[PDB]
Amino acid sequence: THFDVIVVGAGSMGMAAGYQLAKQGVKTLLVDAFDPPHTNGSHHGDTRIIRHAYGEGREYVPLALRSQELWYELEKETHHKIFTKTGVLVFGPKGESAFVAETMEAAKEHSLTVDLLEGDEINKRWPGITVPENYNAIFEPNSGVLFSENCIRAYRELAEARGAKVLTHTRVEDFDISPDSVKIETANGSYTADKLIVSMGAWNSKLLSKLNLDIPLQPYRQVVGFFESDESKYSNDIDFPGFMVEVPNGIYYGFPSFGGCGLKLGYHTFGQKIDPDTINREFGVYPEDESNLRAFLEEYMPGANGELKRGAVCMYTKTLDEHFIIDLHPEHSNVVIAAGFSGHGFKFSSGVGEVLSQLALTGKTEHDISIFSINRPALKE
């Protein structure tokens, strides 16, 4: 079969693209090194935050809101759980967080529904949080938590029912791009199509050279821990929120306990530089894994600092400016690139799937994706 479209990397972005293409009757092949969802890429550890008011930049808000609507649509189409509306709390020291400030500006610019709180008002509203009196906060009630492995599994099952094919456990090794066709090479055979979408996550850093691209991309080792917590404070059932917060030593994020799983925490602004083929995927092999998490919990969420119940090891892929790459290949209009999601892409994957399908089919998108241009100056050293 010569396909209409081949997607290389059927993860967060690729599987969403495959769903969008299959739903329009486009003959699609997706090829993945593993069998998504899996624990070797960037999409595991159960849960992902979706925010609308966006501290990385107000220009992301439209894509977040579209993505949110697409997640509700997915919820209605599958039996897997997709989204729970935890709300998202953002806080930091007053006057000392650009992230908090931009979150607040984004909410104002897009007339988002948020609550503003400070100091003891935070600790009063959410028993279990203990911030200093000089902290301030913005709480977004209508954002929340995605079950990311379920998202990918649902998109996969829906796409496959519509005739998409998923070739699993198959690494793409090389590419051959012509003006009117694309070709991939694998140990399980070679495949051709009219259009290519490249969405290989951390492996984009190693394999985009085979498309003659030289773009700084650094994979990072990013751990999360689940901790035994006071369920009377930290459970989703008592409205404990998702959160993403700035403190003097960086940004931390986390999740309420769901069904007694424990509060989940990660440290966002620090991780080890790694190669995705040699990363150590065991939690706790570095002392920082657990210690950086307990340093936050004992200070700010002291009843969520019990026994470590579970750990996970996942990867970010950062650009120099920490903005995504979503664009056509500059020399090949039949090749679409999705890369560099810099630790904050999952929430957009529904919307990005739609963009990637538009770019593959038409060479354009209705979305404004200027900030993710592959030709922008700030990508380069």
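Note that the rigid core is defined as the largest set of C-alphas that superpose within 1.5 Å between two forms. For every residue, the number given is its place in the sequence shown, counted from 1.
Core-aligned, RMS over all structures and residues: is 52-60 or 327-335 the stretch with the greater C-alpha displacement in 5 other deposited structures of this protein? It is 52-60 whose C-alphas lie farther from the shown form in 5 other deposited structures of this protein.
Given the B-factors recorded for C-alpha atoms, which segment has the greater mean, 177-185 or 198-206? On average, C-alpha B-factors are higher across 177-185.
On mean C-alpha B-factor from the PDB entry, just flag whether 276-284 or 75-83 is the higher one. For C-alpha atoms only, the mean B-factor is higher in 276-284.
So among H332, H52, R48, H38, who wins on Cα B-factor in the entry? In this record, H332 carries the highest C-alpha B-factor of the candidates.
Candidate set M244, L213, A107, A137 [ranked by C-alpha B-factor, highest]: In the PDB entry, the greatest C-alpha B-factor among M244, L213, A107, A137 is found at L213.
Split the chain's modelled residues into thirds by Cα B-factor; is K27 in the lowest, middle or highest one? Highest third of the chain for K27's C-alpha B-factor.
Among all modelled residues of this chain, ranked by Cα B factor, put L117 in the bottom, middle or top third, i.e. lowest, middle or highest. Highest third, going by the recorded CA B-factors of the chain.
Please place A98 in the lowest, middle or highest third of its chain according to the CA B-factor in the PDB entry. For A98, whose C-alpha B-factor we compare with every modelled residue in the chain, the answer is the highest third.
Third of the chain's Cα B-factor distribution that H268 belongs to, per the entry: For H268, whose C-alpha B-factor we compare with every modelled residue in the chain, the answer is the lowest third.
Would you mind checking where the Cα B-factor of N150 ranks among the modelled residues of its chain, as the lowest, middle or highest third? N150: CA B-factor falls in the lowest third of its chain.
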